[PDB]
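Heads up, the chain below is alone and in the form deposited in one PDB entry; it's given as structure tokens.
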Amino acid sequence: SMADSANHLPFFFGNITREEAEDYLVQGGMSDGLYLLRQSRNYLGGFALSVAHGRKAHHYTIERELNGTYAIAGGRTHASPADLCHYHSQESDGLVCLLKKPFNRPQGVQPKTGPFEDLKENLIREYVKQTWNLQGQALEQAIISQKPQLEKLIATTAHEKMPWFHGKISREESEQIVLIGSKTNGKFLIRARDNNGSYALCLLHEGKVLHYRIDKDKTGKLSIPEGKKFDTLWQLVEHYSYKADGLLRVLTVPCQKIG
């Protein structure tokens, strides 16, 4: 992925929160035009630019366009995040200010990965072995050969393996499974609501199972009603585990699947 390329940038921090990005900018002196790069948490293949100006943090999403280039909303396209940052060191072109000085990862600090990122490589290896039945040669060549296609596919299906995803079960069945055992606030699962890629969130709140529709928009972006848009369910779950953002509370412990 571009994220693997972006690891060679000393000011790329991987998947950190907005708040963690801001903490790093303070560490680096919060000087005008101080910036770092990180991974977009809701745009698949996306990045985010965090910049200090007037002792405030300014955050910009860098989207991966359909042709595979990189752009901030209403901006020009670039071959890479590195090229976008270089361009913005010479032209503000819509940003609050010039990108003056990168804030590098302090020593000890690597780019941060989420749960998806930590199982992505294993799932790609497994899919090649057990759908193209290689055990050597292409086993490794086929992975690198077809990395972009495999990353995109594994991104769209990696939820199916995750402990909070309970598959094609009804509202009534989901309520039954959440209500069994410990009544921990935020206990949750996601279920498939049809075959057209609609989903639902089931969330325990003061002993009541709340149900939230997760709908697919024109682009195939997922959201709860009036909520932030995500490319994948694993992005949505990471977000609402961090910030309630219109849910009555944050997601906590994944509901156990029938063993």
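Quick note: we count residues from 1 along the sequence shown, nothing fancier.
Across the two stretches, 111-119 and 161-169, the PDB entry reports the greater mean Cα temperature factor for 111-119. For the pair 219-227 and 42-50, the record assigns the higher mean C-alpha temperature factor to 219-227. Per the PDB record, 133 has a higher Cα B-factor than any other of 133, 174, 89, 80. Residue-level inspection of the entry shows that, of 186, 181, 102, 94, 94 has the top Cα B-factor. Among the modelled residues of the chain, residue 29 sits in the middle third by CA temperature factor in this PDB entry. Annotation for residue 67: C-alpha temperature factor in the middle third relative to the rest of the modelled chain, per the entry. Among the modelled residues of its chain, residue 98 has a C-alpha B-factor that falls in the middle third according to the deposited record. Ranked against the other modelled residues of its chain, the C-alpha B-factor of residue 84 as given in the entry falls in the lowest third. Ranked by C-alpha B-factor against the other modelled residues of its chain, residue 196 falls in the highest third.
The protein also exists as the form solved in complex with a partner chain; that form is not presented, and the subsequent description refers to it.
For a residue to qualify, one of its non-hydrogen atoms must sit within 4.5 Å of the partner chain in the bound PDB entry; all three of 18, 210 and 240 qualify. When the partner chain is considered in the bound PDB entry, only one residue from 150, 95, 158, 169 comes within 4.5 Å through any heavy atom, namely 95.
Though the partner is left out of this view, residue 248 does reach within 4.5 Å of the partner chain in the bound PDB entry, counting heavy atoms only. Not displayed here, the partner chain is kept clear of residue 69 by more than 4.5 Å at the level of heavy atoms in the bound PDB entry. Taking the partner from the other structure, the partner chain in the bound PDB entry has no heavy atom within 4.5 Å of any heavy atom of residue 64. The closest heavy atom approach of residue 224 to the partner chain in the bound PDB entry falls within 4.5 Å.
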